[PDB]
Amino acid sequence: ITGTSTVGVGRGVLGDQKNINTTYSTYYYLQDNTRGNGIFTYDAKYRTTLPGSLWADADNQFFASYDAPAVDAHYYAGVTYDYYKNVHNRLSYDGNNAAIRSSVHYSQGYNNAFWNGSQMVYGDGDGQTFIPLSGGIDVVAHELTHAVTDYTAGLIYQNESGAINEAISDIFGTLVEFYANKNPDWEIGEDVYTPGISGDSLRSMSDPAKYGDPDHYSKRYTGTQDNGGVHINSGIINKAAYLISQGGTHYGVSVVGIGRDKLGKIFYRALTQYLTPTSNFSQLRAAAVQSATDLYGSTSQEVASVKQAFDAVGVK
Ligand SMILES: CC(C)C[C@H](NP(=O)(O)CNC(=O)OCc1ccccc1)C(=O)NC[C@H](C)C(C)(C)C
Ligand SMILES: [Ca+2]
Ligand SMILES: [Ca+2]
Ligand SMILES: [Ca+2]
Ligand SMILES: [Ca+2]
Ligand SMILES: [Zn+2]
């Protein structure tokens, strides 16, 4: 909407206060004009029609319980925008400052979040498996990263290409979580998963097997559930990424860590210059090797560590 840029204050899903960029025109809207061609947050009102209505508020204060998922979807979309722009020189998901749109309060008891081809969508959860999913910065960045992938490599959402697609979203979700630097970890979704159980998460990148997911290619899922295991076999690539960054010895194969920033550079280059819609795990290895070679040189530690990490997870 046309109006003037304003700054509201509110509380997120986990009770923390934050400032948000809004727009004033009669009402205060969740419309952040400070980033690209805007970040827009919508109320889906417990229904499944999308996007719903652009979030309107009478006083620019967002402390009601109903407001909390909107505050966090809006704020964490801004952090994710900043990560891509400041770290990778990428302007929004399309590289051309496309408007970023999210809807919260999607459906009833909805234990998921997704990119629908055009926008982000967040359930409120059922209060048992999830609380409102925009409360996790890694979740928000995971969702926006699907849009980045779709505009770049275009990885088809099934089988190995789909597991790479998933891992890319978990990798960058985690790197955004570290960028914001509030309780960062290599776990996925811990802030919004299972409020009655402490210390768990939806997935682990450091130890995927803790939540049933494979940590070696020989343990990959080969059935048809979950689009051929896209949220399962992502563990193999997540583990490789974790090892590239942090190092370790895994199934007897030692990996020298090179740190998060270089991990992000390697994978961003692979995603945007080398991967294609049908890339498989072996082709991802090749793309990561080539990316590290471009950035750091063929004889570099970074190239050697990429090879070590894919060896450790059984991907040649
Ligand atoms: C980070 C996590 C909290 C949320 C993430 N959602 P996502 O991976 O973004 C789902 N996306 C999806 O299914 O996209 C396909 C598509 C394409 C077009 C329109 C609509 C949909 C996820 O890991 N979901 C897995 C869920 C919870 C289980 C039940 C399978 C374990
Ligand atoms: Ca208000
Ligand atoms: Ca965390
Ligand atoms: Ca996390
Ligand atoms: Ca929990
Ligand atoms: Zn995903």
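Along the sequence shown, residues are numbered consecutively beginning with 1. Whatever order the structure lists ligands and atoms in, that order sets their numbers, starting from 1.
The aromatic rings of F178 and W186 sit tilted relative to each other, their planes meeting at an angle between 30° and 60°. Classification of the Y110-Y106 ring pair by plane angle, with boundaries at 30° and 60°, yields perpendicular. The aromatic rings of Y151 and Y93 lie tilted to each other, with the angle between the two planes from 30° to 60°.
Checking only distances, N112 does come within under 3.5 Å of ligand 1, N or O to N or O. Note: an N/O pair closer than 3.5 Å links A113 and ligand 1 by distance alone.
The nearest N/O/S atom of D138 to the Ca ion (ligand 4) is OD2. The name of the N, O or S atom in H142 nearest to the Zn ion (ligand 6) is NE2. Atom O is the N, O or S atom of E187 at the shortest distance from the Ca ion (ligand 4).
The Zn ion (ligand 6) has an N, O or S atom of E166 closer than 2.8 Å. Here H231 fails the criterion, with no N, O or S atom under 2.8 Å of the Zn ion (ligand 6). One of the N, O or S atoms belonging to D185 lies under 3.0 Å away from the Ca ion (ligand 4).
At a threshold of 4.0 Å, the pair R285-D311 counts as salt-bridged, since one of the basic side-chain nitrogens sits closer than that to a carboxylate oxygen. The pair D294-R269 meets the salt-bridge criterion, with a side-chain N (NZ, NE, NH1 or NH2) lying under 4.0 Å from an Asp/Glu carboxylate O. Here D72 pairs with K18 in a salt bridge; the nearest charged N to carboxylate O distance falls below 4.0 Å. Ion pairing between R203 and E166 holds under the 4.0 Å rule for side-chain N and carboxylate O. The existence of a salt bridge linking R35 and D82 is confirmed by a sub-4.0 Å separation between a basic side-chain nitrogen and an acidic carboxylate oxygen.
The OH atom of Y28 lies 11.5 Å from the OG1 atom of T23; values are rounded to the nearest 0.5 Å.
For atom 25 (C) of ligand 1, the nearest non-hydrogen atom from the set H231, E166, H146 comes from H231. Summarising the contacts of atom 4 (C) of ligand 1 with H142, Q158, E143, the nearest heavy atom is found in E143.
Residues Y66 and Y46 place their aromatic rings such that the two centres sit under 6.0 Å apart.
Less than 4.0 angstrom separates some heavy atom of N116 from each of these atoms of ligand 1: 19 (C). Every atom of ligand 1 with a heavy atom of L202 under 4.0 Å away is listed here by number and element: 2 (C), 3 (C), 23 (O).
Looking only at protein heavy atoms, the nearest one to atom 15 (C) of ligand 1 is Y157 CE2, 3.6 Å.
By the criterion of a heavy-atom distance under 4.0 Å, neither the backbone nor the side chain of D170 is placed next to ligand 1.
Put simply, atom 29 (C) of ligand 1 has no protein non-hydrogen atoms near it, under 4.0 Å away.
Heavy-atom separations between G117 and ligand 1 are all 4.0 Å or longer. The shortest heavy-atom distance from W115 to ligand 1 is under 4.0 Å.
Counted by atom type alone, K316 and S282 present zero donor-acceptor pairs between their side chains at under 3.5 Å.
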